[PDB]
Amino acid sequence: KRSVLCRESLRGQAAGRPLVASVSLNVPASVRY
Amino acid sequence: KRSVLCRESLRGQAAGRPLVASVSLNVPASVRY
Amino acid sequence: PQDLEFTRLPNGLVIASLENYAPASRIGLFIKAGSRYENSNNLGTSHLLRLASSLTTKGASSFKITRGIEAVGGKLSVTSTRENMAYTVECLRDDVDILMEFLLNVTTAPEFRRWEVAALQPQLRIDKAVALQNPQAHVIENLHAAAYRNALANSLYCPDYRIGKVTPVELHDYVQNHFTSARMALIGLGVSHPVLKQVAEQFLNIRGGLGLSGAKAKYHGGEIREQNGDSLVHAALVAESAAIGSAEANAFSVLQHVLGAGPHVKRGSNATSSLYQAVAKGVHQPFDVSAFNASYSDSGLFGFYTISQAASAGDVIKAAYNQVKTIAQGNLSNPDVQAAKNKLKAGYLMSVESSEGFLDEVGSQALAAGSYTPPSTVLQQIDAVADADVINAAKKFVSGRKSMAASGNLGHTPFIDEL
Amino acid sequence: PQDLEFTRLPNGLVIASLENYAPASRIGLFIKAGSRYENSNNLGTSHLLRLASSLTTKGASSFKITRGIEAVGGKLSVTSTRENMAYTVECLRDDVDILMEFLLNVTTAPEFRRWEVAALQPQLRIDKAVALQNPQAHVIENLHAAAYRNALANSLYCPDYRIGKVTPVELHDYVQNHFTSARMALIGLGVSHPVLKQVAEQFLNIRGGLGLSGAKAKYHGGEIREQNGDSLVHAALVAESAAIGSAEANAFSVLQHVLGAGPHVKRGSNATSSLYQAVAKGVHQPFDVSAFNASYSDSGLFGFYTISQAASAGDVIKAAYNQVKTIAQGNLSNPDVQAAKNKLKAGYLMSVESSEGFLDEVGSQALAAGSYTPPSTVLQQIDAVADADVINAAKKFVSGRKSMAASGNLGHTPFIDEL
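From first to last, the protein sequence lines stand for chains u, i, m and n. If you want the authors' numbering, it's the 1-based position in the first sequence plus 45. If you want the authors' numbering, it's the 1-based position in the second sequence plus 45. If you want the authors' numbering, it's the 1-based position in the third sequence plus 20. If you want the authors' numbering, it's the 1-based position in the fourth sequence plus 20.
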């Protein structure tokens with residue numbers, strides 16, 4: 046968990062073709078937009 | 046868990062004054078309507 | 021022999037008493053704190069309070085309190101609803117005094133120790149877990165939270181994310197603001213009123229106005245849907261009933277019964293139940309369904325409950341609706357209202373044919389009205405309902421903002437727009 | 021040097037190729053199975069499918085697969101969305117062949133063995149837990165299930181109750197129906213098309229029509245609210261966007277950007293973002309907000325996303341609305357549309373400035389259209405948007421069925437009737 050206290054917040058989702066694209070890879074792993 | 050396969054089902058809630066009354070007692074314990 | 025005896029004090033707490041014949045006396049202090057008294061920041065503190073009734077208090081250590089009641093074979097039940105919180109106390113005629121001094125400690129002298137309250141915490145999960153075993157509980161709960169927005173949509177059971185986070189100051193503050201004189205009603209089933217009062221006067225004089233929790237009512241049509249893997253699906257459909265102890269309300273109650281399907285016969289099917297008939301005809305073999313009817317101080321919820329299978333969910337659900345539409349189209353013959361009535365009357369009487377029943381009924385009334393309405397009078401009121409009145413109330417469900425809650429495989433569960 | 025080269029076969033699977041200069045080649049078979057292809061009984065299956073990429077298959081054992089790609093330093097990514105499922109495969113120029121034969125087994129020869137699939141199961145929880153750490157995912161998910169009813173309302177992560185219940189015939193069935201020829205599009209970033217085709221022809225010829233899962237779209241306004249203990253609250257407000265690759269859509273996108281607040285500067289605040297300005301003025305010091313814009317084949321979702329603190333939730337939420345209402349009232353000057361546009365255009369180009377980006381863009385297009393639209397053309401389309409057009413679209417959010425999702429302390433989060 047990372048503290049979200051300041052002005053820094055800049056997370057909201059909206060890309061061109063991909064939207065909420067979840068990766069699962071044999072090595073790495075993640076969640077994007 | 047108790048199987049609820051037959052005609053027997055007869056549970057639905059509606060009493061006079063009390064409605065969805067939950068008891069916690071030092072000895073016994075339960076959930077009524 | 022002697023009938024009850026209410027008495028409102030200067031504080032505004034109510035007290036009753038009935039020296040009965042039989043060996044068993046039962047006190048019960050009903051404090052007005054339901055689950056509707058918590059906010060977003062206070063949710064789940066009644067729940068914990070309910071479960072902390074054996075903790076150390078000012079005059080009696082948790083050990084004494086439990087071993088004490090054991091000593092004597094008593095029971096201490098702490099029941100609560102969305103509007104009230106009955107603190108029951110049973111025991112033998114001769115031991116009420118030992119027991120009462122326990123109820124008093126538990127309720128006016130709670131000492132929520134960081135360490136003690138901390139051990140409990142986990143009990144909440146265990147308690148929640150066992151109560152959520154009956155689909156009824158989570159659906160019924162979900163119902164309240166969708167149909168209300170603010171106060172009565174708070175559930176009885178602590179929210180998963182709050183469990184360990186219910187702090188001592190929280191309990192201490194809830195007691196302080198809600199467990200007060202104006203909201204309380206003593207009630208004895210085998211105690212002397214003269215000696216009850218004395219005690220009530222000596223121990224129940226605490227100040228605290230209403231709504232330091234944030235009292236207020238409001239209804240809001242909404243739908244909470246819980247998908248599962250279970251064959252069966254439960255769903256509730258409910259619109260604002262009439263309020264508590266009001267004519268409209270009463271009406272609803274009577275209508276409720278015209279459709280209301282709580283089997284009066286073991287292994288028996290209802291011939292009386294319209295809903296059941298109607299549903300039944302358009303429905304499959306295995307299913308079950310019942311009229312739901314809730315009434316609280318500042319709003320109600322009336323409508324029905326269903327238990328179908330995956331692909332019947334809709335059929336049942338609509339079927340039920342349609343039938344309740346029928347009554348609201350006006351179609352309802354006199355014969356059925358009178359049966360209903362007599363069904364209800366019978367019911368209420370049986371409800372109060374027990375000590376525990378009576379003691380609840382009495383306290384209950386104490387918190388609403390401020391006195392005890394006798395049964396007879398009660399009975400008259402229900403009878404006054406008009407055969408039309410019923411229809412009229414029913415008109416209101418069909419033409420009242422809908423609010424539904426279902427569980428199970430929801431491929432075949434109508435949404436708001438579906439019905 | 022050589023530009024891409026699409027080719028639809030008799031099966032209907034597309035394939036492209038670009039012999040680039042640089043050392044790294046990347047294939048990626050995009051099959052048309054998204055989350056939207058599961059039913060009440062099949063939910064959570066793509067998820068597991070996504071996580072089960074390294075299991076034994078007909079020609080290569082889980083061990084060889086993994087150890088094999090490691091051997092050469094390759095990566096195998098298996099990415100999915102609500103609509104599609106890209107199976108990426110990176111490696112060194114020389115090793116494509118060893119790698120390709122891996123991609124082909126994984127995708128056309130999966131062997132879900134009771135024992136293997138079973139040990140995976142628990143991975144689902146671990147994966148769900150790690151992606152549910154970003155409020156964005158649970159809200160954004162909650163959004164899609166509120167706003168839809170049936171198909172796209174299905175979430176990407178397996179439902180808690182389903183986890184261990186994901187059975188091997190499920191996986192086998194899902195592959196069989198959805199991982200087929202008509203729904204596939206090969207894409208190479210450093211491979212020969214001539215040799216690509218041959219392979220495609222030899223290994224990608226399987227039959228399976230669409231919608232054996234239950235394809236179809238539908239939008240339904242609804243609200244999913246998740247109470248928390250966290251200071252901050254996130255909520256999404258969104259109305260049926262325009263569909264994928266259509267003019268209306270495109271318009272939305274441009275509009276999106278006029279309000280759209282994805283910082284282009286580190287530690288920098290937007291001057292351009294209307295939403296941000298308007299919100300900002302009526303809002304407190306700490307807060308953040310941005311324009312949300314989703315587009316799928318048979319429906320879209322446009323609106324905004326907010327992150328406010330407990331008491332500020334509404335103020336921000338309405339603020340943002342009010343501002344987007346302004347554009348819908350007509351109030352929008354030419355100077356801002358052109359900026360927007362250029363913002364968009366610059367973004368789409370940077371989106372495709374990378375191998376990974378390009379490869380996605382291309383496959384993506386192959387599942388929608390059936391061919392590759394070049395950038396330029398793309399750029400032209402976005403420019404064609406009228407300054408009015410934008411307004412008009414906007415007019416549609418304000419006058420289009422609302423659908424919201426929030427998380428955190430919801431004392432101060434407007435409901436549907438609130439705004």
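For each residue, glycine too, the CB sits at the ideal point set by N, CA and C.
For this session: Please report the Cβ distance between m:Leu295 and m:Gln343, rounded to the nearest whole angstrom; I am assuming they are in contact, meaning their Cβ atoms lie under 8 Å.
Result: 6 Å
Problem set entry | Boundaries of the alpha helix (DSSP H) in which u:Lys46 is found, first to last residue | Where u:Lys46 is concerned, there is no enclosing alpha helix (DSSP H), given that its DSSP letter is neither H nor E.
Problem set entry | Whole-number beta carbon distance between i:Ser75 and i:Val65, since they are thought to touch under 8 Å | Going by Cβ atoms, the distance from i:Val65 to i:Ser75 rounds to 12 Å, so no, they are not a contact pair.
Problem set entry | Min CB distance u:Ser54 to chain n below 7 Å | Closer than 7 Å to some Cβ of chain n, the Cβ of u:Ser54 qualifies, so yes.
For this session: At 8 Å on the CB atoms, spell out the chain n contacts of m:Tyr181, in chain order.
Result: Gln247, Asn248, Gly249
Exercise. Hey, would you say n:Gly241 sits closer than 7 Å to n:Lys422, going by beta carbons?
Worked result: yes
Problem set entry | Buried or exposed by the 16-neighbour rule on C-beta atoms within 10 Å, applied to m:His304 | Residue environment: m:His304 is assigned as exposed (fewer than 16 neighbouring CB atoms within 10 Å of its CB, all protein chains considered).
Exercise. Straight-line CA distance for n:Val258 to n:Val219?
Worked result: 44 Å
For this session: Measure from the alpha carbon of residue 447 of chain m to the alpha carbon of each residue in m:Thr101, m:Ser353, m:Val195, then state which is nearest.
Result: There is simply no residue 447 of chain m to check, as chain m begins at 21 and stops at 439 in what is shown.
Exercise. Do m:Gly79 and m:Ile207 have their C-beta atoms within less than 7 Å of each other?
Worked result: no
Exercise. Helix, strand or coil: how does DSSP classify n:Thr99 here?
Worked result: Residue state, collapsed to three classes: strand.
Problem set entry | Pair within 7 Å by beta-carbon distance, n:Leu163 and n:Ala425 | The Cβ atoms of n:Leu163 and n:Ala425 sit closer than 7 Å to each other.
Exercise. Does i:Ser69 come within less than 7 Å of chain m when only Cβ atoms are used?
Worked result: yes
For this session: Check n:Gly334 in the structure and name its three-state DSSP category.
Result: It is helical.
For this session: Pull up the CB-CB distance for m:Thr86 and m:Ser97, whole angstroms please, since I reckon it's below 8 Å.
Result: Taking 8 Å as the upper bound for CB-CB distance, m:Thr86 and m:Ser97 are not in contact here, some 14 Å apart.
Exercise. Should n:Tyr316 and n:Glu131 be called a contact, given that it needs their Cβ atoms to be closer than 7 Å?
Worked result: no
Problem set entry | Contact residues within the stretch 141-171 of chain n, judged by C-beta distance below 8 Å to chain B | Absent here is chain B; the protein component of the structure consists of chains u, i, m and n.
Exercise. n:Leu191 touches chain m at which residues, Cβ-Cβ below 9 Å?
Worked result: Those within 9 Å of n:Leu191 in chain m number zero; the least Cβ separation is about 17 Å.
Exercise. If you draw a straight line from the alpha carbon of n:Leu216 to that of n:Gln401, how long is it in whole angstroms?
Worked result: 31 Å
Problem set entry | Cβ-based neighbour list, m:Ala165, same chain, cut-off 7 Å, excluding 5 preceding and 5 following | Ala173, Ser175, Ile244
For this session: Find the nearest neighbour of n:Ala269 within the set n:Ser251, n:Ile226, n:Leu321, judged by alpha-carbon distance.
Result: n:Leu321
Problem set entry | Buried versus exposed call for m:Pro434 [16 or more other C-beta atoms within 10 Å across all chains shown] | buried
Problem set entry | Below-7 Å beta-carbon distance, m:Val344 vs any chain i residue | no
Exercise. Which of the three DSSP states, helix, strand or coil, is assigned to m:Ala263?
Worked result: coil
Exercise. Less than 7 Å separating the beta-carbons of n:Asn354 and n:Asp407?
Worked result: yes
Exercise. To which residues of the same chain is m:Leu209 closer than 7 Å at the C-beta, ignoring the five residues directly before and after it?
Worked result: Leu38, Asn40, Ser45, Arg46, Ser375, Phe378, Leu379
Problem set entry | Cβ-Cβ separation, u:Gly61 to n:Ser371 (assumed contact under 8 Å), whole Å | 6 Å
For this session: Under 9 Å between beta-carbons, which chain n residues line up against m:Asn61? List them in chain order, please.
Result: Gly249, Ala330, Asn429, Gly431
Problem set entry | Three-state secondary structure (DSSP) of n:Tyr181 | Secondary structure of n:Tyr181 (DSSP, three-state): coil.
For this session: With u:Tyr78 as the anchor, note down where its beta strand (DSSP E) starts and where it stops.
Result: Careful: u:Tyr78 lies outside any beta strand (DSSP E) and carries neither H nor E.
For this session: Under 7 Å Cβ to Cβ from m:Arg56, same chain only, skipping five residues before and after it: list those, please.
Result: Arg102, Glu103, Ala171, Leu172, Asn174
Exercise. How is the alpha helix (DSSP H) around n:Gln196 delimited, first residue to last?
Worked result: That run of the alpha helix (DSSP H) goes 188-198.
Exercise. So with Cβ pairs under 7 Å, would you call n:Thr76 a contact of chain u?
Worked result: It does not: the Cβ of n:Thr76 has no partner Cβ on chain u nearer than 7 Å.
Problem set entry | Nearest-angstrom beta carbon gap, m:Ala205 and m:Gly383 [assumed within contact, 8 Å] | 5 Å
Problem set entry | Completely contained alpha helix (DSSP H) runs for the stretch 55-98 of chain m, where each covers 4 or more residues | 65-71, 82-92
For this session: Can you grab the Cα-Cα spacing for the pair u:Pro73 / m:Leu252, in whole Å?
Result: If you take the alpha carbons of u:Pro73 and m:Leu252, they lie about 41 Å apart.
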